[PDB]
Structures are given as C-alpha cells and as structure tokens.
Amino acid sequence: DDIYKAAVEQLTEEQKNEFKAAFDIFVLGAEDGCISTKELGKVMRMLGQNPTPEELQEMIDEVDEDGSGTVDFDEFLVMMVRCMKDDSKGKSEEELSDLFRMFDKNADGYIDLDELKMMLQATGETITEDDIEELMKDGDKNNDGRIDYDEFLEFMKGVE
Amino acid sequence: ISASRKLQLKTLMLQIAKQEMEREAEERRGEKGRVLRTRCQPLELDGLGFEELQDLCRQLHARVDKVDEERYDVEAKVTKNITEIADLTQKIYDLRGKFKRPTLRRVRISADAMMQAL
Amino acid sequence: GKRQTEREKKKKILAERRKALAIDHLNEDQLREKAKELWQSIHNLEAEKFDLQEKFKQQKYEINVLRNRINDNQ
Amino acid sequence: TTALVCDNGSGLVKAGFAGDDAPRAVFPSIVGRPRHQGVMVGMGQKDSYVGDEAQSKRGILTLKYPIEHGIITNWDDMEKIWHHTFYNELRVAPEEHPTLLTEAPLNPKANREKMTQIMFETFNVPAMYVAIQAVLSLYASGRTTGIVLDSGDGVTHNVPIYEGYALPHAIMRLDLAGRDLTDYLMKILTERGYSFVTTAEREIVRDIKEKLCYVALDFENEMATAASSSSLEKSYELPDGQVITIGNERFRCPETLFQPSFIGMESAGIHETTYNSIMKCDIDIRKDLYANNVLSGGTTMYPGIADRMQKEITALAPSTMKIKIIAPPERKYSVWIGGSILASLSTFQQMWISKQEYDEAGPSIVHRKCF
Amino acid sequence: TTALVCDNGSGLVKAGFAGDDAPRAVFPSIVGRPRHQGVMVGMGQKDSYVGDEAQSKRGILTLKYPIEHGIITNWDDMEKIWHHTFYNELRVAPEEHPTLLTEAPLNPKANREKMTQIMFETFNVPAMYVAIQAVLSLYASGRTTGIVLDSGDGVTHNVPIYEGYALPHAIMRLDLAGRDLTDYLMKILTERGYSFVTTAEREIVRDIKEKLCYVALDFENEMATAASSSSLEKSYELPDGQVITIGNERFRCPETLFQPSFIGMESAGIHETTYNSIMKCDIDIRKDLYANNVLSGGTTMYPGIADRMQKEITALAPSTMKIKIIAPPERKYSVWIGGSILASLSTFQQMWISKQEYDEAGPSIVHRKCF
C-alpha cells in the first residue's frame, strides 16, 4: 500500500528528472490524458534491467486501484524504482533462526501443514481454501510433507 | 493465486513471531527469577553466636564449591557445544557455497556494450 | 589424556577458583556483612548457572537442527 | 536415565535405546576412504565416509570392515564407527547414558579390555557392561533353557544353556559365517562369466545372496533337478542393467553351512556342531535342549533352513526325542531385542561396571566379578 | 585485483576478466606474414598481422595456426598471440593480474612447462594456474558429476568425473576435431568442381562448414534421400560471387565424427568412445554418468548432434538406463564460463602458483602439488 509510497519518498528530484525524461516518450501526444500502462513493458527496460513478466503484471494490476487505467507519475515512479532492489534488510540470520525456533516450538525440526496452519490461525487472519495449499507449495519445496530449514529460509528470504 | 496478499501474510506472521518471541523471553526471565529465588533460599542471621557464624560460613563455602563445580561442568559442555556448532555451521556453509557459488556471476556486464566498436 | 590430564586440569581449576577463606575470626558486624555478600555471590552464581543451562539447551537444539540440515543433503 | 543398547556385530551395527522393540538405527559398519584423486575444488569432500553414507558413494571408495571375525582388527576405524553411531545416528551424548555392548564367546581378552578402555576414556560413558551375544538371543525368545545357534555375519557360535546355568565347556564356536558365504558365492559366480573383484562389488554379491539364495531341503535332488529343468533360474538386475541369471548357484552358496568342506574348512556343518554341542552336555538335560533349539543371527534367514536343520538333527538324534527348531520371524534383531530386555530389568541395574570401579582396578575389571 | 581467464584453445582464443558471463575478446589465433613483394612506399606495412586483423587482409597473407593439436608447435608465434591478447584486445598490463590458462588432457609436459616459463619470465604475471579443459566445462553446467565430451577444434577428449573425483584411467583423448572436418570438407567439395587450395581459402571452407553442414539423424536414409530428391541442396555465395550448391556434402562432412574411417583414422567415433570411457569406470557410477552426459566445445554445435549421439548411445547402452545429453545453448564458451566461475571462487584463491614458488623450484613446479 502506501508503505511503498514511503519507500519511494527517499528518491528526490534527482531520480525524478531521469524518470520524467524516460516517461516523456510514453506521453507521445494525441491522447486524452488517460496515460495507460501499455509502454511500461519497455519503459521498465529503458536501462536494461527487467524482472519477470508475471511480476510486471502484478505491479500493473496492483497500482491504480481505482481502475482508471491511468498510471500516475507517483505510481510510475514507485513501480520503476520497484525494478531496483527495495527491501528492509529482511530481519537477521540469527533473528530468522530465532523466529524458526519459535515456529518449530514442537522441537521436531520440521513444520507440517498443521504447525504453520495453527501459527497463522493464532494471527487470526482470514485464510482461504484456495490458500493453505499455495502455502503448502511455498513451504514444502521438497514435497516431503514438511518444512525444513532451507525451505523456511527461502520462504522467509529477505522479507521485511 | 494471489501475490501481494502472500507478502502481507509473510509480514503479519513475522510480526506475530516477533511478539511471541518477546513474550516467551519475558516468560523465561520471570520463571528464571522465580527459580533463582526458590533455590537460593534467603537466610537471616541477626543476633547469633559466632559458632553459628562458623557453621553457616562453612556451609556457604561448601555451596560455593558445589556451584563452581556445576559451573565448570556446564561451561565445558557449552564450550564443546559451541565447537560443534562452529564446525557444523562451517560444513553447512561449505555445502551452500558448493551449491550456489557456480550460479553467481556478472551477467551481461559488457557483452551488451559491444555495439559498434568493431 | 582425560585419565589424568582432565582430572588434574579440573583439580587445578578448582584450587585456583577457591579464594581466601578466613572470616569468622573477626568482629560480628563485618562478618555478617561479608556473609550476606557471599550469599549474594552464590545467588549470582546460581543465576549464571541457570543461564548457562538454558544456553546449553538452546545450543543443543541448534546442534540437532544443524544435524538435520546436514542429513537432509541426501 | 535410559540405557544405550549398542550391538557392534560384524556387518551391521544395531543400536537403540533400551525398552523398545526394534533398533533405532541399523547401518553397515564400513569405513571407506576415497581412492581417486579428485579435481573439483570446494566440493566439500571428506576423508572418510562411514556407515550408510559409504553405501551410496561406494563407487569411488574402498570399503573395509573394521571387524574381521568377531575380533576387532582396526581400532581407529572402530572408534570412528562408534563416534558416528553415538553422535549422528542417535544424537545423544554418551556422557549421560549407560552402554551395553555385545561380544562373541571365546574372543581374545585384549579386544574386550580395549573396548572397555575406549568406552571409558574417549566417550566417557557413566557405566558399560559387556554381554555374550547368545544369552541375549535366548532372552528375546522368552525362554530360560535351550541351545542357541547364533550364526551372525562374522562368526557362528552355539551356546547351550539350561535353567539359566550356562555350560562353559559345551560352547562350539565356528568361524564360518555370512562373509565366507559371500566370498564363496562371488567365487562360484565366475563359472557363468560374471566377475566381481572390487571391494565395492562385494556389496552387490551380498545383495544377490540375500535376495536369491535359499537352502535346499535335499542337496542331491536339487542338484539333479537344476541340471535337467530350468525352473530354478532366477534373474537379477545389476546396478547398471545387464541382468544376470543364477542357476544352481542359488542353493550351492548357503549349502556351505552344512558342508564346510566347500570352502576348504575341515570342521563339520552347523547341523552337526549343534548335535556335538548337545552331546557334551549332561545326560539329563539333553531332552530339553533337543526340544528348545533356538536359531538367531542374520545368516539363519535363508528360506528353508529351519526345515533342513530339523531334518539333519532328526537324522542324527535318537528316534524317540522330539526335535523342535524355534525360528522367530524377528531373527535378525533377536540379539538386540534381548539386549533391550536385559537392560530394562530392575534386577540387572546393579551389575553395570561403574566408572569409579574402573578407576580403581583398571581395564582388567571386565574379567572380574562384573563380567 | 581481478584475474585474467585466458583460454588458448586452438582456432579461437577466448579471454576476459573473471566474473563475467562471456569472454571479452574472441578472435582467431592465426599469425600471417605477407607473401608478395609490396610496391607502395610508406603504406605502413607490418611484418605479421595476428588475430582478427589477419582475417581481413587474408587475401595477401599466409595464415598459419601456432597450435596444431592441443600442443603448441611454434613458440614464437604463440608468444606473439599472447602479447596481442594482453595488450590490444584487453589493454591490461599482465604485471598486475593473475592468469588461468587451460590445457587439454594428456598433453606433453614440455608444452605446459614452457607455457608457465613464458608467462613468468616474458609477461611477468603475479601468478598463473593451468587447468584441464573439461573440468571447467563441467563447472559451467553447474553439475558435480557427469562425463564431458569436449570436442574442440584441435582435439576431442572425454573426461569422466564423479562427485568431484576425476577418474584418470578413463580419459579417452582422440585427435579428430574441427580442423580435420574442415580438411575433409575441402577434400569432398572437389567432387563437384570447387577447388580450394590456398591457406586463405581454408577459412572460406570453414565458413561453409559452419553455416551449412548438419549431422544426420540416420546416415543411410539421408544418403538415399539426397540421391533422389533435391530438397537438401543449399546454395552459398563465395566472397566474390559465383554461388555454389552443396548437395549431400552437407551431412557427410560432420559424419566423420561418428565414423573416423572416412579420413582414414582407425579409432571409433565419438558415439563409441564415450561408451568405452563409461565402461572403464566402476560398476556403481555408470548410471549417473549415463544420465549426465555433457557436451561442450565448438564442434558440438552442429544442428542435430544431440539427437544422433543420444540415439547411438541408447543403442549401445543397456535398455534400462536412461540416457540424457546435456547440450546448453552456450556450448562454445562453456569452458571459458567455467573458467570464470573457478577463478571467482574464494576456496580456489590459494591454489595459484605464486611467483616466489616458481623462483624456488623452477618451471617444473606445475607438475607438483600446485597442479
């Protein structure tokens, strides 16, 4: 949400000038000012770096929650810097180990469906039936019916 | 197949785990204080004879010896565990390096720059 | 080789660990004060011993975790 | 606390906590150093893979068992095996657990004394006790009499026991066992064209022996049948393809047990050393020993041995006595189950060799009252 | 500082700084003196054009490769090539950069020793290391096992590796490679009327081979089809016009790889020396080598070779094993990518042959522990 607004607030006019110079081609005229997201596929490729198309679609559909099909210069800026790395250091390796030890409060060294299921239920979050299985795939990477240290580490990799 | 909600759930579970770890640490501290108070009994010795002074002092010295013995034992155990932890951490790091270092490189660093030099 | 080496090591550690023990030959007030001081010393020693117990437990669990991780390579 | 019932054996180390039904971790006892050079850097290559890890990398190792015939010939490797067993397969530090090793009868003293010295100095256990491998197998059957034939992989020994009183003058220990059968099978396979030489391929021949060989009820009739029909030829797929067909090698490999002249050994088979062990006993307990003959150990798992042995003994024994051969389905782990039962007893709790006792009398304490 | 990952090769010198994806400068390794007289004065005519400059003035030069079959036959020209590579294609003085050369297996010692002596005396590098050209190609695939067939332009060698332990007794080096295919193509083109003789026209025949030739899935069917229809005849325009039409010479040139009897060589094709190299390995790692067969080197870029080779090996191998042929799209630079990865490792940073070590033991240091 507006968290990434705060994240992009750090970049001042110094990157805004470059972003406007790049975006000027998008506003090529003969339009009503809607400014869609059509060119964004190559606009994000203006410097060469380009993420997966699925992430690009997620960014496109996520922004402009009003559904106007309009890419605000604020939204364009935050999505273009989103191509650059942006993370809050992802906790700490010892901190992550402590978090997993709390996760493996059963002291089994593995997390099944029930473990993380109860863990998230304690949070009280509404979780769909279409979920859980998605979380099962996210966690049980080896498809061994449990969550191991490596699977947890990649699951929680640099998330903050 | 939602994506942003996955990040939301990740952050929420991270915060919940942090809170649980904090409360568990507080519980550990409280229980440790309770046990320390229970095991180390408080003694009052106002208005006593010097013979009782000698007896209590000798008992305290014996308790000091026993506690130092326990501390020596658990210290040796902890040092050995630390050595094993360091060894296993080194081994797992070596395995991870063997698995991943061949997959890290400088991709497209200068090949794309070769436009019309020739 | 832990038959006389470790025993002598721990015996020396115990011997050097013991400090001066000459008290009861003094006046009552300061002797009581120092007895309370040594009670508090034993209190701190027991607290540290409990902390070491908990640390040893956690490190044992982490050892089990590392053993699981190295076993999972195959 | 709980006791560790380890059982060194020779070929498979079986261990687990006292009071359970089956050993927790069972893995071959082999230590194999790599033999080639190795060119990949940083691959994390160790200097010795022990236990079940060296049965997966056996293609580039030189596996070598540290226990030849009951006795231990390479003490450093045996120490490595024990260290692995304690720390990685059970993950329990030995500083807080009594141990109950097992030893074959009539073994050299120095082996047992070195075993106890290692357990007390290196691993620093609280208390350890060494027991004869046949008494445990008699425990597991729930009997209290009977003559037990414990044909392991290293050595076959035959200890008769009556009413709890072992008869030390009637123990017949024979050194033919599973390993010699593996070598003989590997030697007779060459008659069809299959040559196994490397110490790694001995494991493949062992797998062939386990999965295909069986003991013939009557040897000459089987030799005649296999030479006319082809109903016996069973095929087996090597670890790379090229299936092989075993003909009358199937029942000729385990026949060596009843005719040790095949591998050049002089002594009589396991069918006649049991009868000799019985006849050395007193005249009044022979009926009970006849009726309670017990089989144990891995090598007695061949399909059809409990009938061949009974037929042979019935041929030898007087016609009036009843010959019965106890062959429980849990034969392989019989010794370890008996060890667990013995370690779980309350009456046995004061027989351990406590560490202070060892400090006062040295390693020679094991031969003393604490046997 | 950064390391220089040079890779002499034979036909194309590939070089670049360690840690990138592709070599910085790739250029043919030919040194050609002019052969005519020269009448213009002051034109600035040099005495030897090396590298890619002599592929543009090749009309009046006599190009001659300084590396025949892996080995180096003309040391002065090779020194000239190295000097060009360092100073003009990378523009980094060698006084401040470690170097990582590559060498084919089973090459003469004197070649390697002279190479290290040159690198330490003439160019005066801080430290250099020589690596076998197949281990790098195995690095680049991200594997740790597998048998790699590195069919370069000079020599084709087939090094099997398991779990990082190379098997020195199973290396099968064969001297048929891209150059012999170029000569054979130049020899069979004469059957239509096109005669290429000059050492400059060998480059034109090489271009024809690269752009048109392909490996047939089944040889006899293609020979029958090309002799009836005309759907295969592809034309090509020489550097001056006069287009030529290649008929069944298209798949007959690279067929020499699988039937070296075409150019009179006795040995078996690259489809059967791989199977022989596998069969020399131990019986327990043959499945892994079957499943991880790796292709590398330039000459393995023919369209349709990864299917012909798989069909041939599947014909030879037992029916149960799965045969898989790894053919990454970046085949040509696979060795150099692997070299970059190896030079970028931290564990490898202490294996370089430091100059003080060379000063103490002479050029024969390369055969010692620092391999």
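To keep things simple, chains are lettered A, B, C, D and E as they appear, and every chain counts its residues starting from 1.
Here is the rule we use: a residue touches a chain if its C-beta (ideal position, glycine included) is under 8 Å from a C-beta of that chain, and two chains touch if they have at least 3 such contacts.
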Touching both subunit A and subunit D (chains): B, C
B-E against A-B, pair bridged by the larger set of C-beta contacts: A-B
Most distant chain from subunit D, judged by the mean position of its C-alpha atoms: A
Gap in Å, rounded to a whole number, between the CA centres of subunit D and subunit C: 46
Whole-Å separation of chain centres (CA-atom averages), subunit A against subunit C: 49
Per-residue overlap in subunit B, given as positions that touch at least 2 other chains: 91, 95, 97-98, 101, 108
Junction residues of subunit D, two or more chains touched: 42-43
Overlap residues in subunit A, where contacts from two or more other chains coincide: none
Touch relationships between chains, expressed as pairs: A-B, A-C, B-C, B-D, B-E, C-D, D-E
Residues of subunit C defined as touching subunit A within the complex: 58, 61-62, 64-65, 68-69, 72
Residue ranges of subunit C touching subunit D (in the complex, touch as defined): 1-3, 64, 67, 71, 74
For the subunit B and subunit D complex, residues of the former touching the latter: 91, 94-95, 97-98, 101
Subunit A to subunit B touching residues, read off their complex: 48, 58, 62, 91, 98-99, 102-103, 119-120, 122-123, 125, 127, 130-131, 134-135, 138, 155-156, 159-160
List of subunit D residues in touch with subunit C within their complex: 53, 56, 88, 91, 121-122, 124
